[PDB]
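Here's the letter readout for the chains.
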Amino acid sequence: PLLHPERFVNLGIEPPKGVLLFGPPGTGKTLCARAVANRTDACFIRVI
Amino acid sequence: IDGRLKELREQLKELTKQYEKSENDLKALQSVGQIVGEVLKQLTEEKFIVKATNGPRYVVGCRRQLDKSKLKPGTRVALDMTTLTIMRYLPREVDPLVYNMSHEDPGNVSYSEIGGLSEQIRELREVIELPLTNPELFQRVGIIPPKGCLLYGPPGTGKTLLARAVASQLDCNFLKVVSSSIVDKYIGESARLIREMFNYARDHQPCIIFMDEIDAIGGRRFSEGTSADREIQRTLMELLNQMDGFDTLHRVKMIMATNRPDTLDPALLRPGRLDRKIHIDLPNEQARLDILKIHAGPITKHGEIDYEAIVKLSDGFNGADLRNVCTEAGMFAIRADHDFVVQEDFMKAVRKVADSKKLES
Amino acid sequence: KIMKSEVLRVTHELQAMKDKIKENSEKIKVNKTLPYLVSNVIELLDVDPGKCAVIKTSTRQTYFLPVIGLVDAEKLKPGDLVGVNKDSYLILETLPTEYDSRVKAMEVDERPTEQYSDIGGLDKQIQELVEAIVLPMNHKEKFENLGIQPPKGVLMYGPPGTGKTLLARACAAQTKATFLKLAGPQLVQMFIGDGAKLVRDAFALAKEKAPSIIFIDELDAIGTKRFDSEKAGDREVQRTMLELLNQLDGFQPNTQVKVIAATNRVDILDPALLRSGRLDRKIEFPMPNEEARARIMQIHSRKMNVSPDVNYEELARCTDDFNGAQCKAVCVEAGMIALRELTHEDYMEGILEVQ
Ligand SMILES: Nc1ncnc2c1ncn2[C@@H]1O[C@H](COP(=O)(O)OP(=O)(O)OP(=O)(O)O)[C@@H](O)[C@H]1O
Ligand SMILES: Nc1ncnc2c1ncn2[C@@H]1O[C@H](COP(=O)(O)OP(=O)(O)O)[C@@H](O)[C@H]1O
Ligand SMILES: Nc1ncnc2c1ncn2[C@@H]1O[C@H](COP(=O)(O)OP(=O)(O)O)[C@@H](O)[C@H]1O
């Protein structure tokens with residue numbers, strides 16, 4: 001969705017409505033940080 | 001002749017002169033008002049202690065026209081905003097503003113809107129009104145006035161409608177209280193709620209407490225014997241011993257609009273109990289045609305007065321159902337977007353409601 | 001005749017006195033443009049030996065402006081939030097009141113845009129409730145001249161996913177009138193009379209804003225079937241149920257502001273909310289058949305153009321006991337997988353995912 005290459009037409013209107021990256025204490029949110037780095041300046045905030 | 005428009009010009013001048021006198025009273029006042037306080041202490045004939053509602057109390061004089069007998073201690077008064085002197089004394093009021101009286105006397109013209117069982121309405125009025133009108137005679141001779149009356153006919157003729165209408169000769173305020181709403185928690189301290197509602201009636205002394213549903217669904221499901229055991233009956237005994245709520249002094253009665261008089265705790269029908277019960281059932285053919293006529297009253301269309309044929313198809317239909325019948329006739333006409341309602345529309349409405357109730361029963 | 005001199009005085013008097021009205025209104029209106037004190041009306045009807053007012057200022061004081069010296073007690077009833085002179089200590093002009101914190105805008109949508117065409121399956125029921133609600137909005141004068149007051153209480157009972165919410169918002173849009181949504185399950189507040197106050201101000205807002213649609217959800221949650229038990233007995237929520245009942249009769253004249261209550265099982269309610277003037281139009285919302293489910297998911301995926309010529313017949317065969325929400329989820333599961341299945345096989349797993 002951040003690339004916005006295909007969400008509009010080929011796949012239904014809007015990309016998947018949500019993402020719940022859960023899991024036991026471990027890899028959780030490291031992939032989120034990696035996605036933040038790989039994406040644009042619209043970068044995340046870690047709220048608790 | 002321009003002089004014949006003098007009447008129209010006169011009307012215009014009167015119309016604008018009403019506004020002009022209104023604005024004259026609005027601008028001529030242009031007042032700052034007086035501040036509100038309470039007589040904290042009279043002190044003496046000349047100086048008085050008046051405390052504002054929000055702090056400071058002052059030693060002020062009194063209004064010349066007023067007198068100490070009109071001022072009195074601990075009474076709301078008005079002080080001058082600047083010179084700080086008593087200007088006028090005002091009455092005060094408090095309001096609990098919660099769970100108070102909801103339905104009041106105005107709109108009591110349903111004596112003609114009931115139609116059916118006018119003799120029954122007359123009998124209930126005969127039972128209720130006289131102690132409600134002049135209870136002092138009951139004390140004067142040493143006889144206890146009745147508490148209220150019982151009403152049958154679970155879905156039938158409007159029991160609440162009768163409660164509203166009969167208060168026409170009563171000039172009282174009917175109150176629609178639910179048995180469950182009065183009992184709340186399943187404790188004998190449910191009498192607190194009855195105390196509050198009886199205090200509300202006492203404040204609005206000319207009142208009649210119309211009960212909604214005491215024998216919860218008397219036709220089926222759970223009665224007084226089933227489900228809650230004796231809770232309803234003890235809560236009713238509370239209102240029964242309330243009967244010493246100054247019946248001579250208090251213009252309060254209680255109508256019990258049960259569905260079915262079957263499970264009504266026969267211990268509550270002895271003398272000193274609810275006592276009187278008036279029989280209301282599904283309307284007969286005569287009452288049915290009469291209530292059909294009064295329902296059609298507001299409806300002015302072509303149609304016909306062929307009420308008996310409608311009665312034939314719609315026999316044993318409650319008054320609320322017949323009101324729904326007239327509304328369904330209007331609904332059919334408007335769904336057709338026809339400004340006319342004929343007997344065929346009535347036939348369609350009657351068939352629709354009959355099939356609906358037949359399927360639901 | 002006398003008309004010439006009479007009208008010569010009449011035009012001059014009217015225009016000059018309206019100029020005086022303008023002058024007084026401006027001198028009061030800049031003060032009306034600077035009102036500062038809240039108006040807690042402790043109304044005392046002091047008739048001059050007509051009325052009067054006690055105003056509780058924001059700065060904690062009492063002002064007894066005589067005979068309410070600018071506005072009329074008919075429109076000014078004992079309440080709050082009506083303009084008060086900061087210098088003249090007088091009732092200045094009315095202004096909108098406060099809608100009870102939560103009800104100021106709980107979830108009020110100013111205007112729904114969902115259309116009737118995108119929903120369906122229960123077309124007979126939807127047309128019935130359209131005739132019972134939207135027609136009393138557009139052709140209200142029709143009912144007025146007929147003489148039959150339209151009913152207000154409509155209860156959509158049926159399992160979730162049957163489209164009650166979409167149908168209600170679409171009906172409100174068709175009426176082009178105000179729509180107010182009530183979140184029923186969260187109306188159970190610990191605060192005493194809190195639900196009663198919420199319902200009171202919700203009805204007040206609906207009355208103040210057009211013939212509205214009061215869409216109260218979870219009517220089963222709101223009202224119990226009076227199946228009292230030792231664990232609980234619906235003691236407190238009965239106050240709120242009675243408050244709603246007493247609020248149902250407020251809008252009988254000028255029949256406006258309709259009440260729409262959504263639930264799954266109608267039987268969980270006592271025979272008290274069900275009445276001719278109260279909730280009367282009890283409308284069934286069943287799970288759509290295969291044809292209706294296929295048509296609904298087709299309409300939902302109408303804005304998707306990826307797999308041509310998918311008749312959704314295998315989908316209808318595989319949509320056993322599914323809701324409109326479930327069909328939408330099935331179609332958008334394809335809307336999520338159909339990148340780069342696709343035709344007639346990217347639909348089954350949507351239901352399998354949820355459990
Ligand atoms: N796949 C991974 N590769 C490298 N380091 C990882 C990985 N998963 C977890 N870590 C390490 O774990 C630590 C915290 O990782 P992460 O930020 O994913 O979790 P968190 O926010 O602490 O919470 P939780 O452990 O509950 O998910 C870091 O030191 C990170 O380097
Ligand atoms: N005899 C009647 N005449 C006119 N309206 C009636 C009559 N009986 C019932 N109704 C209508 O039924 C509605 C409610 O009646 P209700 O008091 O519930 O009757 P019941 O208690 O027997 O079910 C009222 O709005 C009233 O208009
Ligand atoms: N006829 C229909 N057409 C399109 N979508 C529908 C239909 N019926 C239900 N839905 C979907 O169901 C969801 C609404 O679910 P909900 O309102 O909770 O169902 P219910 O009103 O039966 O409780 C919406 O997101 C909508 O997409």
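Residues numbered from 1 in each chain as written, not as in the entry; some residues may be left out. Chains lettered and ligands numbered in written order. Part of a larger assembly, values for the part shown. Heavy atoms only, no water. Residues with missing side-chain atoms left out of burial classes, pairs and counts.

Structure determination for this entry, per the PDB record, employed cryo-EM and reached 3.6 Å resolution.

Chain B goes by 26S proteasome regulatory subunit 10B in the PDB entry, where it is assigned to Homo sapiens. Anyone opening this PDB entry will find it titled "Co-chaperone Bag1-bound human 26S proteasome in SBAG1 state". Note on chain B: under the UniProt heading Sequence similarities (unreviewed entry), the record states "Belongs to the AAA ATPase family." (UniProt positions renumbered as here; feature names shortened; annotations may be inferred.)

Looking at the PDB entry, one finds chain A named 26S protease regulatory subunit 7, with Homo sapiens as its source organism.

On to the sheet that holds strand β6 (residues 148–151) of chain B, then. Residue and element names in this part refer to chain B. Within the open sheet, the five strands sit side by side as β7-β8-β9-β6-β10. Their pairing is parallel. The open sheet has two edge strands with one neighbour each: β7 (173–177) and β10 (277–278). Strand direction decides the pairing type here: strand β8 (residues 207–211) and strand β9 (residues 252–256), joined by five bridges, are parallel. Looking across to β9, one finds that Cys207 is bridged to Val252. Each of β6, β7, β8 and β10 touches helix α5 (residues 159–166); the most contacted strand, β7, lies at about 155 degrees to it. (Pairing = 2+ DSSP bridges. Helix = DSSP H or I, 4+ residues; strand = E, 2+ residues; numbered from the N terminus. Contact = heavy atoms within 4.5 Å. Axes fitted to C-alpha atoms, helices over the stretch in contact; angles between N-to-C directions.)

Another point: the interface of chain B and chain C. Between chain B and chain C, the residue contacts involve 47 residues of the former and 50 residues of the latter. Looking at the side of chain B that touches chain C, the elements that each hand over two or more residues are α1 (6–29), β1 (34–41), α6 (179–183) and α11 (319–335) of chain B. Looking at the side of chain B that touches chain C element by element, the count peaks at 10 residues for α1(B). Taken together, the residues of the side of chain B that touches chain C break down into 18 nonpolar, 15 polar and 14 charged. In terms of strand pairing, β1(B) meets strand β2 (residues 62–64) of chain C through two bridges, oriented antiparallel. Bridged to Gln34(B) within β2(C) is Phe64(C). (Nonpolar A, V, L, I, M, F, W, Y, C, P; charged D, E, K, R; others polar.)

The next subject is the UniProt feature "binding site: Mg(2+) 2" (unreviewed entry) in chain B. Residue and element names in this part refer to chain B. According to UniProt, the positions carrying the feature "binding site: Mg(2+) 2" (unreviewed entry) are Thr160, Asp212 and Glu213. Annotated residues spanning 54 residues; largest pairwise C-alpha distance 10.7 Å, indicating a single compact cluster. Within the element layout of this structure, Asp212 appears in the loop between β8 and α8 (231–241). In this structure, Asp212 is in contact with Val177, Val178 and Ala257, ignoring residues within four places of it in sequence. One can find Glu213 in the loop between β8 and α8. Apart from the residues lying within four places of it in its own chain, the contact partners of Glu213 are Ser179, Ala257, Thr258 and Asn259.

Bringing the site of ligand 1 into the picture now. Residue and element names in this part refer to chain A. In the vicinity of ligand 1, the contacting residues are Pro25, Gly26, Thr27, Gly28, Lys29, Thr30 and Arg46. At 3.1 Å, a backbone N or O of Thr27 approaches an oxygen atom of ligand 1. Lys29 places a side-chain nitrogen or oxygen 2.9 Å from an oxygen atom of ligand 1. Taken together, the residues of the shell around ligand 1 break down into one nonpolar, four polar and two charged. (Near = heavy atom within 4 Å. Polar contact = N/O pair within 3.5 Å; in protein donor to acceptor, adjacent residues only side chain to side chain.)

What follows is about the layout of surface pockets. A volume near 570 Å³ is recorded for the second largest pocket. Taken together, 21 residues make up the lining of the second largest pocket; nearest its centre are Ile13(A), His300(C), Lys303(C), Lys328(C) and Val332(C). If you list the elements that add at least two residues to the lining of the second largest pocket, you get α8 (290–300) and α10 (324–337) of chain C. (1 Å grid on protein atoms, 1.4 Å probe; cavity = no way out; pocket = protein on both sides within 12 Å on 5 of 7 lines; lining within 4 Å. Points joined across faces, edges and corners; volume = space filled by probe spheres on them.)

Residues and elements named next belong to chain C. Strand order in the open sheet made by the five strands is β6-β7-β8-β5-β9, with parallel pairing throughout. The two strands at the open ends of the sheet, each matched to only one other strand, are β6 (179–182) and β9 (279–284). When the angles between neighbouring strand axes are averaged without regard to direction, this sheet yields 20 degrees. Pairing between strand β5 (residues 153–157) and β9: five bridges, direction parallel. The partner of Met156 across the bridge, within β9, is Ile283. Taken strand by strand, helix α2 (residues 123–138) contacts β5, β7 (213–217), β8 (258–263) and β9, and its axis lies near 145 degrees from that of β9.

Near ligand 2, the surroundings consist of 18 residues, among which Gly156(B), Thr157(B), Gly158(B), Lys159(B) and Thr160(B) are the closest. In this structure, ligand 2 is bordered by residues of chains B and C. For ligand 2, an oxygen atom lies 3.1 Å from a polar atom in the backbone of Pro155(B). Considering ligand 2 on its own, with 560 Å² of exposed area, one finds that the protein chains cover 85% of that surface. When residues of the shell around ligand 2 are traced back to their parent elements, those giving at least two are α5, α9 (285–296) and α11 of chain B. Here the shell around ligand 2 is built from residues that sort into seven nonpolar, seven polar and four charged. (Areas by Shrake-Rupley, 256 points an atom, 1.4 Å probe, with all protein chains shown as cover.)

This brings us to the interface of chain A and chain C. Counting residues at the interface gives seven residues for chain A, matched by eight residues for chain C. Both faces considered, chain A and chain C share a buried interface measuring about 580 Å² in area, 62% of it formed by carbon and sulfur atoms. Scanning the region where chain A abuts chain C turns up one residue pair in polar contact. Split into classes, the residues belonging to the side of chain A that touches chain C amount to four nonpolar, two polar and one charged. (Buried area = accessible area lost by both parts, 1.4 Å probe.)

To continue, consider empty space enclosed by the protein. Residue and element names in this part refer to chain C. Computed from the structure, the largest cavity encloses a volume of approximately 270 Å³. Lining of the largest cavity is provided by 20 residues; of these, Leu187, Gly195, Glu236, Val237 and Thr240 occupy positions nearest its centre. Mapped onto the lining of the largest cavity, the elements with two or more residues apiece are α5 (194–208), α6 (219–222) and α7 (237–248). A class-by-class count of the residues in the lining of the largest cavity yields 12 nonpolar, five polar and three charged.

This next bit is on the packing of aromatic side chains. To describe a pair of aromatic rings, one takes the distance between the centres and the angle between the planes. All names here are of chain C. Counted according to the given criterion, the structure contains three aromatic pairs over all chains. Note on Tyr63 and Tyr89: the rings are 4.5 Å apart at their centroids and 40 degrees apart in plane angle, and the pair reads as tilted. In this pair, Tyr63 is assigned in strand β2 and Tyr89 in the loop between β3 (82–84) and β4 (91–94), connecting sequence segments 26 residues apart. Exposure remark for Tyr89: the relative accessible area of 17% places this residue in the buried category. Look at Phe203 and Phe251: their rings are 6.0 Å apart centre to centre, the planes differ by 15 degrees, and that puts the pair in the stacked class. On the criterion of sequence distance, the pair formed by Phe203 in helix α5 and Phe251 in the loop between α7 and β8 is long-range, its members being 48 residues apart. (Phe/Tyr/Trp six-rings, centres within 6.5 Å; stacked < 30°, edge-to-face > 60°. Buried < 20%, exposed > 50% of the residue type's maximum accessible area, 1.4 Å probe, protein only.)

Glancing now at the UniProt feature "binding site: Mg(2+) 3" (unreviewed entry) in chain B. Under the local residue numbering, the UniProt record ascribes the feature "binding site: Mg(2+) 3" (unreviewed entry) to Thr160(B) and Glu213(B). The topology assignment puts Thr160(B) in helix α5. Residue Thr160(B) is classed as partly exposed on the basis of its relative accessible area of 23%. Setting aside chain neighbours within four positions, we find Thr160(B) in contact with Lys176(B) and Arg275(C).

All names here are of chain B. Bridging between β7 and β8 involves five bridges; their strand directions are parallel. Across the sheet, the residue bridging to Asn173 is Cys207, located in β8. Tracing the backbone out of β8, into α8 and back to the parallel element β9 gives a crossover that is right-handed. (Right-handed = clockwise from strand over helix to strand, strands pointing away.)

Counted according to the given criterion, the structure contains 13 salt bridges over all chains. Close ionic contact of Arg281(C) with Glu328(B) constitutes a salt bridge, the shortest N to O distance being 3.5 Å. Residue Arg281(C) is found in strand β9, and its partner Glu328(B) is found in helix α11; the two belong to separate chains. Judged by relative accessible area, which is 15%, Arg281(C) ranks as buried. We classify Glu328(B) as buried; its relative accessible area is 8%. With its nearest N and O atoms 3.2 Å apart, the salt bridge here joins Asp194(C) to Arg102(C). Linking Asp194(C) in helix α5 with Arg102(C) in the loop between β4 and α2, this pair joins segments that are 92 residues apart in sequence. (Salt bridge = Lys/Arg side-chain N within 4 Å of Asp/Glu carboxyl O.)

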